[PDB]
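Colleague: Quick one: experimental structure and sequence below.
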Amino acid sequence: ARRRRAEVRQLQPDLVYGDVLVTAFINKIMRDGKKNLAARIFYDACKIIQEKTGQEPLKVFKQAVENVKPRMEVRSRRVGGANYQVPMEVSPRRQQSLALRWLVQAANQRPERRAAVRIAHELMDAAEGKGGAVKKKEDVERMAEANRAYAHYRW
Amino acid sequence: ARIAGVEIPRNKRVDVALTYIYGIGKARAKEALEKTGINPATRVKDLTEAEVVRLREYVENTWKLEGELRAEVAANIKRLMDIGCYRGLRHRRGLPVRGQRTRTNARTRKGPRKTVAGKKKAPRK
Amino acid sequence: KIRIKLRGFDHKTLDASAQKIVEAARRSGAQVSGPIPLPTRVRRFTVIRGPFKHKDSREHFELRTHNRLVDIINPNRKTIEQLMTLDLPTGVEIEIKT
Amino acid sequence: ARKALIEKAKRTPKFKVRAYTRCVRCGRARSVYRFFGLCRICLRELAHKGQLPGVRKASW
Amino acid sequence: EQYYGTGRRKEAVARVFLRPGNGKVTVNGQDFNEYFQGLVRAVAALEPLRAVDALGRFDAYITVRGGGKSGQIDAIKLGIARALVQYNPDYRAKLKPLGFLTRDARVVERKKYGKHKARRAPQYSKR
Amino acid sequence: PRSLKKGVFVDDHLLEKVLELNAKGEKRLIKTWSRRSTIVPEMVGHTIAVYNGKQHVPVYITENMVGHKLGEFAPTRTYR
Amino acid sequence: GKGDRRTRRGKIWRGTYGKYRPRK
RNA sequence: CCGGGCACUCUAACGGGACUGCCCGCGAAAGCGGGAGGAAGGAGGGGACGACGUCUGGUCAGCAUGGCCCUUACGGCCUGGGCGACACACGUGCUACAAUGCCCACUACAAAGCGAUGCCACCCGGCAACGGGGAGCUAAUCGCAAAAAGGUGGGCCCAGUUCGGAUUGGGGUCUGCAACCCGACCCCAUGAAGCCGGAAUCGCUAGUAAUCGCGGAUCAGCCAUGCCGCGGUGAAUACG
Ligand SMILES: [K+]
Ligand SMILES: [K+]
Ligand SMILES: [Mg+2]
Ligand SMILES: [Mg+2]
Ligand SMILES: [Mg+2]
Ligand SMILES: [Mg+2]
Ligand SMILES: [Mg+2]
Ligand SMILES: [Mg+2]
Ligand SMILES: [Mg+2]
Ligand SMILES: [Mg+2]
Ligand SMILES: [Mg+2]
Ligand SMILES: [Mg+2]
Ligand SMILES: [Mg+2]
Ligand SMILES: [Mg+2]
Ligand SMILES: [Mg+2]
Ligand SMILES: [Mg+2]
Ligand SMILES: [Mg+2]
Ligand SMILES: [Mg+2]
Ligand SMILES: [Mg+2]
Ligand SMILES: [Mg+2]
Ligand SMILES: [Mg+2]
Ligand SMILES: [Mg+2]
Ligand SMILES: [Mg+2]
Ligand SMILES: [Mg+2]
Ligand SMILES: [Mg+2]
Ligand SMILES: [Mg+2]
Ligand SMILES: [Zn+2]
């Protein structure tokens, strides 16, 4: 992107919750364009969070995401023969991106054999404040901050 | 249940369990459990003596397996080997015996690589 | 009630040939089935542009064969006359069955 | 295209197999088309001249 | 009595015949759900009706050929969208803003020579 | 996994030149270029010189090799 | 996988037929 | 399916359509941002097309060509061999290491193409490859042709395992004068490495990437998992 600033693709609201953030999460889950297989996985998970929990799946979702968003991160830079982890605030658009990506990433690290279960648990497990997705989010924030000395390199 | 020579498959569907025999494969396994009428899906642990005996009987008295197979096969390779035969040569030298390239690949029959020295001048790629 | 086939390489050589027939026998036979456009069968040739190596250039050539029908019913007497031997197009070929 | 080798035209193959094509224009044996009896080179050439009826430059 | 449209998507056309009724939908002689057997996408197809509170005042007989299921899903979406305005031009006013009346032009891009498939370019080493 | 079908091929060049050499007993050497030919029963005991592409190689054909081809015994390439 | 000639995909990939993929 | 009808879908020729024309805002203009109507909006998407010139780039082995050189041989013919060697090294790819998966059923939904001594329906024989018989098509009309991914049901239960299909032993089928060197294919047995890959490095900005299958040229057959096209499902991201 050297000329313009690329406008963000606007997604199609969820087939069930009419939410755009859901389509995203689904997309991230999807691999090899198997959007059907993807969608189902998320949904089955929604029904799994619906059981083991009394709270609505949609709301559990929102929360987890919110909990896994990083508000700070270190972006490496060159300064007179040396690379520095420069803490940088994190763009809202990028937060949602990193959050959704991480959940799925962490989710597939889990031990439970069934996909939907892994998403299910990771998701609810996230809204609880725990889970590997949230640990990544924290390690990142710990990374930033911990280099506040190189913060004057605003970037 | 020990069927073929000291062969003990168990705790799995008899069809696959039967697979653990040298000379038996999905094909033959699916056969014996037919010509012997035995739900192939049953676990070896849940088999019945009547069945476990029929299996043994059929399979053992109907095919050349385990020690025998290994022996015959061995005999065969030694055969084309003893006689002049080209395949014999390839078995000797230990190289592929079915018209494959030995310039690259052919690792399965050559084993690990025995790297040496060469020429790193100009794009040798 | 005659069934005629019109194939070719030029799509204007056939239009100036199917109508070369219809209009003529359009005043001596049935009102005809009009000219019907049969789908085309394309023949592609893909060649490496240069004589030696350079297998990444290639140029594409196609030999498309167009088709027609017409089909006039009522094999009238005054029809096989306005037609018969008054041909014009040279890049065309014609088949006839009825 | 050694003249001696363009003897391919020689029906007498002894065994139908041994019979192979060759460019009818350059003798080129290596990439001859059937519908033209021409190799990819000669073919490209004549097509440019317009001497290959119906054959056009395909684009899509 | 009847209302037609067409709708085409990624090279898949569909006949959309609307008629006043319940909500019954015959697609190639099958129930909508009979044809779109468990394809989360399906719902979308009928979205144009829900848009104008219809569905509960209409019925539809659909014929479809060409392409693939999800492409057909969209063809139907456009057919049904056109037929609805065929029954009432005033439907555009609020049916259009949701796009429904636009034909998706994006189609399989051509496979170029030298590439592995349109854009994917061959991998090169020690350059 | 070998296979021809029905008609165990054999260049008659030597066949009708060996099945004949059976009548007057045996013989000593038969140099051939047809390594294509399948070895068969009535060859056992003989000695066929097969051309490997540079030379004709002596091959005492024995029972144990009655089904193989003649080339199989005249190795083409020379290695290490 | 596509390399297993004794499976459906095996046959399809190799564009052949047989026990593991007969012509309907 | 028949009668029947060209509405529709198509098939394929010819036209209409978009012009920053309209409205608002900014300019001095050209234009820029935005809004309407529109299938489409400001080069709508893809292609063909690549200036004067550079690399004494590539090709005397497509062909043409100046000059050299051989002219019972540096010409010509065969039969056989080699181009298919291997301690070893690299490029490009294919198939994988699995549960977002593998297997077996049942059932859907394409587009381009190719086919008269060629596609080959259907039937019988064979586990099958394929044999034998045989209808149809000069092919929008008959055949290749199954679409696969999907969807539905069932099995496997985390294991080098129902993952993976290398290698090897058998027994066969085709093409062909002939498959030892050196063919593809089928069936039984065998069931390797491989648990996601160091340093380093490639592609792609959307119907693109990633995935799934289909056709064609060459061609008897084939070593195509290569090329050249076709359509299905279909992302992520671009501060800068
Ligand atoms: K030059
Ligand atoms: K191995
Ligand atoms: Mg076994
Ligand atoms: Mg070799
Ligand atoms: Mg090439
Ligand atoms: Mg010459
Ligand atoms: Mg040939
Ligand atoms: Mg040729
Ligand atoms: Mg594609
Ligand atoms: Mg290439
Ligand atoms: Mg397998
Ligand atoms: Mg030079
Ligand atoms: Mg150079
Ligand atoms: Mg010269
Ligand atoms: Mg070579
Ligand atoms: Mg060596
Ligand atoms: Mg490859
Ligand atoms: Mg049968
Ligand atoms: Mg061979
Ligand atoms: Mg291991
Ligand atoms: Mg494992
Ligand atoms: Mg670009
Ligand atoms: Mg193919
Ligand atoms: Mg071929
Ligand atoms: Mg090979
Ligand atoms: Mg192929
Ligand atoms: Zn030529």
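Modeller: The structure has been received and is ready for your questions. Residues are numbered from 1 along each chain as shown, chains lettered A, B, ... in the order given. Ligands and ions are numbered 1, 2, ... in the order given.
Colleague: got the contact list for the most centrally placed residue in chain E?
Modeller: With distances taken as C-alpha atoms, centre = their mean, the residue of chain E nearest its centroid is residue E:74 (1.9 Å). Shown in contact with residue E:74 (C-beta atoms under 8 Å, 6 or more residues apart in numbering or on different chains): E:7, E:9, E:10, E:12, E:44, E:45, E:104. Every residue, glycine included, has its C-beta placed from N, CA and C.
Colleague: Going through these, which ones are buried?
Modeller: Among the contacts of residue E:74, those scoring as buried are E:7, E:9, E:10, E:12, E:44, E:45 (criterion: 16 or more other C-beta atoms under 10 Å in any protein chain shown).
Colleague: From what I see, the second one and residue E:71 are in contact.
Modeller: Yes - A contact is recorded between residue E:9 and residue E:71 when judged using C-beta atoms under 8 Å, the distance being 4.7 Å.
Colleague: Spell out the residue ranges of the helices in chain E.
Modeller: Using DSSP state H, the helices of chain E run over E:32-35, E:47-51, E:69-87, E:92-95.
Colleague: can you tell me the residue of chain G closest to chain E?
Modeller: Nearest to chain E, among the residues of chain G, is residue G:2, at 18.2 Å (C-beta to the nearest C-beta).
Colleague: check which helix or strand covers that residue.
Modeller: Counting by DSSP states H and E, no helix or strand carries residue G:2.
Colleague: tell me the SS of residue A:84?
Modeller: Using DSSP: H, G, I helix; E, B strand; the rest coil, the structure places residue A:84 in strand.
Colleague: what pairs with it across the strands?
Modeller: As for beta bridges, residue A:84 partners with residue A:77 under DSSP bridges.
Colleague: How many neighbouring residues does it have?
Modeller: Using other C-beta atoms under 10 Å in any protein chain shown, residue A:84 has 16 neighbouring residues.
Colleague: list the contacts for the one residue in chain E that gets nearest to ligand 27?
Modeller: For chain E and ligand 27, the shortest gap (C-beta to the ion) falls at residue E:113, measuring 20.5 Å. By C-beta under 8 Å, 6+ apart, the residues touching residue E:113 are C:46, C:56, C:57, C:58, C:60.
Colleague: go on, residue B:29?
Modeller: With C-beta under 8 Å, 6+ apart, residue B:29 has these contacts: B:14, B:15, B:16, B:18, B:19, B:40.
Colleague: Can you select the buried ones from those residues in PyMOL?
Modeller: Only the buried entries of these go into this PyMOL selection, using 16+ other C-beta under 10 Å:
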select buried, chain B and resi 14+15+18+40
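Colleague: longest helix of chain C?
Modeller: Max-length helix for chain C by DSSP H is helix C:11-25.
Colleague: Tell me if I'm right that residue B:87 and residue B:76 touch.
Modeller: No - using C-beta under 8 Å, residue B:87 is not in contact with residue B:76; the gap is 10.2 Å.
Colleague: Which residue of these two possesses the greater neighbour count?
Modeller: Neighbour totals were compared for residue B:87 and residue B:76, and residue B:87 leads with 16 against 10 (other C-beta under 10 Å).
Colleague: And the residue of chain F that's closest to chain A?
Modeller: residue F:1 (36.0 Å).
Colleague: could you measure that residue against ligand 27, distance?
Modeller: 41 Å (C-beta to the ion, to the nearest Å).
Colleague: And residue G:2, by the same measure?
Modeller: 38 Å.
Colleague: Helix, strand or coil: sort out the residue nearest to that residue when sequence neighbours are not counted for me.
Modeller: Closest residue to residue G:2 apart from its sequence neighbours, by C-beta to C-beta, 6 or more residues apart in numbering or on different chains: residue G:13 at 3.9 Å. What three-state DSSP gives for residue G:13 is helix.
Colleague: For residue G:6, see how far away residue G:13 is.
Modeller: Noted for residue G:13: a distance of 12 Å to residue G:6, by C-beta to C-beta, to the nearest Å.
Colleague: Could you do residue A:37 as well?
Modeller: Going from residue A:37 to residue G:6 by C-beta to C-beta gives 27 Å.
Colleague: show me what contacts residue A:125?
Modeller: Counting by C-beta under 8 Å, 6+ apart, residue A:125 touches A:64, A:131.
Colleague: got the buried residues for whichever strand or helix holds residue A:134?
Modeller: Assessed by DSSP H and E, residue A:134 sits inside helix A:132-143. Of the residues in helix A:132-143, A:132, A:133, A:134, A:136, A:137, A:140, A:141 count as buried by neighbour count, 16+ other C-beta under 10 Å.
Colleague: Run through the neighbouring helices and strands of that helix.
Modeller: helix A:57-68, strand A:72-78, helix A:92-107, helix A:115-127 (3 or more C-beta pairs under 8 Å, 6 or more residues apart in numbering or on different chains; DSSP states H and E).
Colleague: one more time with 10 Å
Modeller: helix A:57-68, strand A:72-78, strand A:83-89, helix A:92-107, helix A:115-127 (3 or more C-beta pairs under 10 Å, 6 or more residues apart in numbering or on different chains; DSSP states H and E).
Colleague: how about the nearest residue to the residue nearest the centre of chain G, chain neighbours excluded?
Modeller: Nearest to the mean C-alpha position of chain G, by C-alpha atoms, centre = their mean, lies residue G:11 at 1.6 Å. If you skip the residues right next to it in sequence, residue G:11 has residue G:21 as its closest partner in space, 3.5 Å away by C-beta to C-beta, 6+ apart.
Colleague: swap in residue F:79?
Modeller: Nearest one to residue F:79, counting by C-beta to C-beta, 6+ apart, is residue B:93 at 8.0 Å.
Colleague: In contact with the one you found, which residues?
Modeller: Residue B:93 makes contacts with B:102, B:109, B:110, F:79, F:80, as judged by C-beta atoms under 10 Å, 6 or more residues apart in numbering or on different chains.
Colleague: how about whichever strand or helix holds residue B:80: buried residues?
Modeller: With elements taken from DSSP H and E, the one containing residue B:80 is helix B:66-82. For helix B:66-82, burial by neighbour count (16+ other C-beta under 10 Å) applies to B:66, B:80.
Colleague: export that helix as PDB, just CAs?
Modeller: What follows is helix B:66-82, C-alpha atoms only, in PDB (Å, rounded to 0.1, in the frame of the first residue of the first chain):
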ATOM      1  CA  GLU B  66       4.600 -65.300   9.100                       C
ATOM      2  CA  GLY B  67       7.800 -67.400   9.200                       C
ATOM      3  CA  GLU B  68       6.800 -69.200   6.000                       C
ATOM      4  CA  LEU B  69       6.200 -66.000   4.000                       C
ATOM      5  CA  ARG B  70       9.400 -64.400   5.200                       C
ATOM      6  CA  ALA B  71      11.200 -67.600   4.300                       C
ATOM      7  CA  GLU B  72       9.700 -68.000   0.800                       C
ATOM      8  CA  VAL B  73      10.300 -64.300   0.000                       C
ATOM      9  CA  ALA B  74      13.800 -64.600   1.300                       C
ATOM     10  CA  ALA B  75      14.200 -67.700  -0.900                       C
ATOM     11  CA  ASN B  76      12.900 -65.900  -4.000                       C
ATOM     12  CA  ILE B  77      15.300 -62.900  -3.700                       C
ATOM     13  CA  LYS B  78      18.200 -65.300  -3.100                       C
ATOM     14  CA  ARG B  79      17.000 -67.100  -6.200                       C
ATOM     15  CA  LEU B  80      17.200 -64.300  -8.800                       C
ATOM     16  CA  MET B  81      20.300 -63.500  -6.900                       C
ATOM     17  CA  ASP B  82      22.100 -66.900  -7.300                       C
END
